[PDB]
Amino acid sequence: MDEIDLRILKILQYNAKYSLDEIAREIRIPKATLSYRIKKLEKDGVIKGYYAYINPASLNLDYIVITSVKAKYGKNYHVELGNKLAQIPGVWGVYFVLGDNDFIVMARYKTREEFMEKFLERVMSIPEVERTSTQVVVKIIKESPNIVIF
């Protein structure tokens, strides 16, 4: 990629439905070239897709959690435990980390009860889990993972 590709990506990361004519006018390059560049970025795996940003609040997803997981160590436990956590409905983020915990899990649910049934009751049965500590999110100050270029 080059300087122009980054400028294109900087626009698409926050507004993917901005018309080709509008993008071409902003960056200052031929539309045909813009189309070619975007197709290449998709072909090369830089742009992996396009998603609609849906307001979780509109779906009543008010029970937001960040759970730290301590594992029972064993050969390749990170693979086994990581994948089991990733399969839980409501879990959108699973990170293998360095520190006093081994995994950080990001999840969303509508209520305390849903969270207990879909998440807590599933996690407690995973053999690779020693224990977990869930941090309830009182307020989301910022959640814009789509912004990769500042």
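In this text, residue numbers run from 1 along the sequence as written.
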Comparing 62 to 70 with 48 to 56, where is the mean C-alpha B-factor higher?
48 to 56
Mean Cα B factor from the PDB record: higher for 134 to 142, or higher for 15 to 23?
15 to 23
Taking the Cα B-factors listed in the entry, which of 114, 100, 42, 121 comes out highest?
42
Looking at 93, 90, 82, 30, which has the biggest Cα B factor in the entry?
30
